[PDB]
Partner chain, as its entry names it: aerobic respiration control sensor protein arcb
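Only one chain comes next, encoded as structure tokens, the form deposited without its partner chain.
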């Protein structure tokens, strides 16, 4: 885990993005950039330089699931870890996220610890 990993936190609720930015800062990750939906996120990712994407579920323009699919289908981005943030721990969501190729999922609201666990495991499965 390089503490300079460029995160992209996607969410249409600014306050949720602020919270996440803090949790990450608390865990030592200070390279955090935001996006307000899938389309915004995709446009920012085009510039490259990112190494992790935390993304909320439902958003206008392009929802999380679509952002995941699009990332998975894009050449340069396909191997980018995507942590899906859902509001409900319902199986249909959880399964769709797995089928789509998500690196994990976390239900909000979540603590710094929960976040850190999820992140540690994803880093583990990629030895990064």
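C-alpha atoms forming the largest set that superposes within 1.5 Å between two forms make up the rigid core. Positions refer to the first chain, counted from 1. Residues that one form lacks are left out of the comparison.
One more form of this protein should be noted, the form solved in complex with its partner chain, which is absent from this view; the next part is about it.
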query: 4.5 Å heavy atom contact, residue 28 and its partner chain in the deposited bound form; finding: no
query: 4.5 Å heavy atom contact, residue 116 to its partner chain in the deposited bound form; finding: no
query: Neighbours of its partner chain in the deposited bound form among 42 to 60 [non-hydrogen atom within 4.5 angstroms]; finding: 58, 59, 60
query: Stretches between this form and the one not shown where the CA atoms of at least 3 consecutive shared residues shift 2 Å or more, core fixed; finding: 14 to 16, 88 to 91, 108 to 112
